[PDB]
Amino acid sequence: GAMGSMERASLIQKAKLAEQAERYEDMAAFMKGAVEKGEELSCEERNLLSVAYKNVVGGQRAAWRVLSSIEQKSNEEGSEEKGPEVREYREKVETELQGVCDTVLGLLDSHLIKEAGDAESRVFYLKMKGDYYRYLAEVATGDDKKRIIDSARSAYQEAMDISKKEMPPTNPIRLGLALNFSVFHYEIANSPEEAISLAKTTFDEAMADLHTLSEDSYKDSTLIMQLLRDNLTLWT
Amino acid sequence: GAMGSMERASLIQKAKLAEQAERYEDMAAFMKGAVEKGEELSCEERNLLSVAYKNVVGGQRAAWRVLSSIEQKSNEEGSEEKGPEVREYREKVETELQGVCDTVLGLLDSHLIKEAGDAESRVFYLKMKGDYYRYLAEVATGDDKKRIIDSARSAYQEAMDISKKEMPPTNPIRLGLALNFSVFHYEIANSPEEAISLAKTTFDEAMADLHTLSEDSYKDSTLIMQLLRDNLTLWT
Amino acid sequence: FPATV
Amino acid sequence: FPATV
Ligand SMILES: C=CC(C)(C)OC[C@H]1O[C@H](O[C@@H]2C3=C([C@H](C)CNC(C)=O)C[C@H](O)[C@]3(C)/C=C3/[C@@H](COC)CC[C@H]3[C@@H](C)[C@H]2O)[C@H](O)[C@@H](O)[C@@H]1O
Ligand SMILES: C=CC(C)(C)OC[C@H]1O[C@H](O[C@@H]2C3=C([C@H](C)CNC(C)=O)C[C@H](O)[C@]3(C)/C=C3/[C@@H](COC)CC[C@H]3[C@@H](C)[C@H]2O)[C@H](O)[C@@H](O)[C@@H]1O
Ligand SMILES: [Mg+2]
Ligand SMILES: [Mg+2]
Ligand SMILES: [Mg+2]
Ligand SMILES: [Mg+2]
Ligand SMILES: [Mg+2]
Ligand SMILES: [Mg+2]
């Protein structure tokens, strides 16, 4: 790969520069190169990996949503035949999005998840695995959709099981996993009651644990708790 | 080129979709493909071309500025030796930026400017030529810098001469040309007095012409007039 | 859309 | 930075 000749430490340094410059594609490429050096990622490095790909796919998802909305309007009664272009361009963005998801999932499967034994790292990577399968599920229409949904649920569930055993309720990774799995239930899996139940129990159990939360993690965990409350307000 | 098999009308349609999706790289590639069909661009199509590349290079410039600032701090007294990475990554972004500028300038030179006879189109493309040479000037440090600055000034000057002869003072293209050439004088060419004089005369002459301005162009021209006033407030 | 992190 | 269009 194009990053094979660069030192691991230089790749991490440049991922940090790319983040500051909001160059998320470059950030992701640097972090993929770092992962491919074959050493486990530290806690800070895991965050660089996740932020890079979250931002790349986030932009692709936003664009896909705009184009899918145009396409759906184009297929309603009274809409004028505008030819294949909207579908073609939506398919182009979709295929690029799928490619990025596949790249992330490949990194996770080789070999980040296999070698992650500490709960932080294992839950973190399984959450990512659930997230990228969820993004594939958002665009899946074919025979593939149910299997993709099942793959997302299986990753999120393994992460949930570990997080409940090994992390406190206010751990930010545990909270963010529960936030995203609740969104999976609501938006992907047609299980709004499960989504609401998960968000409420997560929020309530985190409140009761706030008295043990570190000042260093207060900001991250309270932000995620606010996002859980925002979703519950949207949903009820 | 990759767009050679696509119909011109389909390229224009997809450039409009890309704009709505904020996919400016795709937008630019679609518009480059359209230009390479060999027909002149309409007024609407010129705007799609300009917006696409302005946004691509705008993001590159923002990233270059972040990295150049880090690099300059890294070279001040008391800064710690962090190795070649900041320079390398700034050079990477710079080379990509230069490549996009070169692509735009090549499109303009082949054959948009040669075939543009109406004042709107000719001034529009010469303004773009000045803009992309100015962006090359922002990053130029080598022997090349003075020639690049001269190329920007020559394009802006030809555009200015045509715009004063052939367009009313409140024409948005005429106004935007003067705005950008004034910024060239202030930020690139070390001529703040010329920048101020140009911005003030442009603004004053446009005010006196507002009574002929169309309702369709009022928003564009008054916006640009406000930008001229903003720059004059910054500069005086 | 609902919020994720 | 100053404004351009
Ligand atoms: C070093 C520079 C950068 C900009 C890369 O660091 C980003 C942030 O990395 C930490 O945060 C983490 C985190 C978020 C916080 C909620 C952001 N916090 C605030 C107040 O906005 C959102 C991110 O996507 C990230 C990495 C992802 C997860 C997800 C990751 O699932 C795979 C789970 C929850 C959250 C955890 C890991 C947070 O610990 C720090 O603690 C923060 O200071 C820091 O900004
Ligand atoms: C069709 C959809 C899109 C989004 C592509 O159309 C964008 C806008 O194209 C027109 O505007 C033009 C223009 C700007 C206006 C100032 C935006 N106006 C407001 C109120 O924000 C900024 C752009 O960069 C652009 C193309 C560039 C130039 C530069 C172009 O130098 C090469 C000179 C001045 C200005 C002229 C051409 C404006 O005529 C319309 O008239 C506007 O409605 C419309 O938004
Ligand atoms: Mg080494
Ligand atoms: Mg598809
Ligand atoms: Mg339960
Ligand atoms: Mg044809
Ligand atoms: Mg260089
Ligand atoms: Mg003069």
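Labels below follow one simple rule: chain letters A, B, ... track the order of the sequence lines, proteins then strands, and each chain is numbered from 1. Computed over heavy atoms, backbone and side chain alike; hydrogens, waters and symmetry mates excluded. Whatever order the structure lists them in is the order used to number ligands and atoms, beginning at 1.
- Ion pairing between B:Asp150 and B:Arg153 holds under the 4.0 Å rule for side-chain N and carboxylate O.
- Counting only residues at least two apart or on different chains, the salt bridge (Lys or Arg N to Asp or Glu O under 4.0 Å) pairs with a member in residues 41-56 of chain B are B:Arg8-B:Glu45, B:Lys16-B:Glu44.
- Rounding to the nearest 0.5 angstrom, the gap separating the CD atom in A:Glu158 from the NZ atom in A:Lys129 is 7.5 Å.
- Side chain of B:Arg122 to backbone of B:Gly117: no donor-acceptor contact under 3.5 angstrom is found.
- Residues A:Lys165 and A:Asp161 are not paired through a salt bridge, judged by the lack of any N-O separation under 4.0 Å between the basic side chain and the carboxylate.
- Salt bridge status for B:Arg65 with B:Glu138: present, with a side-chain N to carboxylate O gap under 4.0 Å.
- Salt bridge status for A:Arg87 with A:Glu91: present, with a side-chain N to carboxylate O gap under 4.0 Å.
- When the ring-ring contact (aromatic ring centres under 6.0 Å, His included) test is applied to B:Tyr135, the partners found at least two apart in sequence or on another chain are B:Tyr132.
- Ring pair A:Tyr89/B:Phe30: centre-to-centre distance below 6.0 Å.
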Please give the N or O to N or O pairs under 3.5 Å between ligand 2 and the protein, distances rounded to 0.1 Å.
unit_1   : atom_1 : unit_2   : atom_2 : d
ligand 2 : 11 (O) : B:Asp220 : OD2    : 3.3
ligand 2 : 18 (N) : B:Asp220 : OD1    : 2.8
ligand 2 : 31 (O) : B:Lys127 : NZ     : 2.8
ligand 2 : 39 (O) : B:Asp220 : OD2    : 2.8
ligand 2 : 41 (O) : B:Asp220 : OD2    : 2.6

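- Protein contacts to the Mg ion (ligand 6) involving N, O or S atoms at a distance below 2.8 Å are B:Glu7 OE1.
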